[PDB]
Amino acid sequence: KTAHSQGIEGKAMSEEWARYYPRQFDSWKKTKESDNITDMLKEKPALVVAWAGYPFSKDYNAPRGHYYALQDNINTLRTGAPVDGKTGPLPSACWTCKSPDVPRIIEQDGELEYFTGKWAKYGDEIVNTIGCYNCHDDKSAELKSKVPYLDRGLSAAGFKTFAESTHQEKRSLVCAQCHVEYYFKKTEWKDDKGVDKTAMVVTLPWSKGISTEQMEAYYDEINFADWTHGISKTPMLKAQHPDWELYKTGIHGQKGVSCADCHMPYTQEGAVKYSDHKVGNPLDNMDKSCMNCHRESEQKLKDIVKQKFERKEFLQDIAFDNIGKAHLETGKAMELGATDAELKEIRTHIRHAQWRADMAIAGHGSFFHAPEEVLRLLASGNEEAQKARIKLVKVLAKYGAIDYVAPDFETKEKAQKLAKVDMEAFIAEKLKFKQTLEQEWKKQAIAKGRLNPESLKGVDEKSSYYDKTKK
């Protein structure tokens, strides 16, 4: 048994676990070191065109330390600027994979209630970032999935549930609670008081399997669309960090190497074994993350990973360039009078091209986790995009614009203009929200004892639209 077999008071606050596990708490806190904000829309402006008419065309950055998960959720322009708990563009489900306060609230008010309402609804309740409670039982300290949608997805795909899995499988599944592709399913329900409500439930599109093509069939079967493209009016699908799904198909995943083996390597000290809880780049600690299975220079192995990244970039730039052009060319055809009937097949091609290309790049480590599937996906997506473009030349010709040249979108500025994103406006509105409602959320959370100010140190010095210098 543990030294807290009856549970931990204030379990959602990771600092409450420090008295029992100071070592893991210390390394866990170190993800604060990974504070870099890489603006992906600035690096890859083609993505802005791909996501026109969707929040990702406003703000999308690369992943950084777990220490910043909650704050980045708050800072991203995607969550907008609510003025109260009933406003703002996004739903409560956006907190789900950002805080240990999520299982706390679910276990208190029920899953459906948690998934009901606006993101702003829990602003002063969900205030702790990725913590001990998101992965451990507060009585046995054993690994556990705290979100019901994971087992639901696992079963649907023919996988064993978390409780039925081996220890090694759990070392990856705890990560899969969040590092997977998902979509919000509108769900009607009635509470204990008989009131009719509507929830937006996190759902893993795994009922037909976890391959990109199986998920695609899944979405097409239910005629689902995350949004209607702002330029091409295509019924679009958004892929979001399908880290585990692509990992499972890669060679390491097939060989049984878990997420933890590389991202949370062991350190043996006598008869005691410790897991590095500073979840980050395995390449910064290869001696413990890689060289325990591979025998050769760290530099050579690093060069090999670099090679994979370059190959992925090569195909990614081609795919998204043609996807961007297809969107713009479809928009031009619409402007000339092309009918939905004339553009139906074209739009289906675009939908599939981007779904496959996005699924390939949305998981930032996929180029390494499953190198070959990533390249194949990008090649498949590009082919769908070009099939659309070949058909588009004919539609453009019918309307007298066969020589139309889709405008360029080589910079974030030019791309956002094409996507009609008024950044200045969104940023100004965001800052006002942060200076008012956000500070009230934090003040109230601290007053109620849900938030410890110590956890806020250097947590809000950077975003894609401001940098106080160094976190």
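Basically, rigid core = biggest C-alpha set you can superpose within 1.5 Å across the two forms. Residue positions are given as counts along the sequence shown, with the first one as 1.
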message: Between 269-277 and 201-209, which one shows the bigger average Cα displacement from this form in 5 other deposited structures of this protein once the rigid core is aligned?
response: 269-277
query: Averaging C-alpha B-factors over each stretch, which comes out higher, 234-242 or 272-280?
result: 272-280
- request: Give the stretch, out of 349-357 and 138-146, with the larger mean C-alpha temperature factor in the deposited entry.
  value: 138-146
- line: Per the deposited B-factor column, the C-alpha that peaks among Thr187, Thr96, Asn128, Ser211 belongs to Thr187
Candidate residues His327, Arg78, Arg104, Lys391, the one whose C-alpha B factor the record puts highest: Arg104
statement: Of the three thirds of the chain ranked by Cα temperature factor, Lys306 occupies the highest
- prompt: Compared with the other modelled residues in the chain, in which third is the CA B-factor of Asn285?
  reply: highest
task: Give the position of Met200 by CA B-factor within its chain, expressed as the lowest, middle or highest third.
output: highest
- prompt: Ranked by Cα temperature factor within the chain, is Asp59 in the lowest third, the middle third or the highest third?
  reply: lowest
Chain thirds of CA B-factor: placement of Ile427: middle
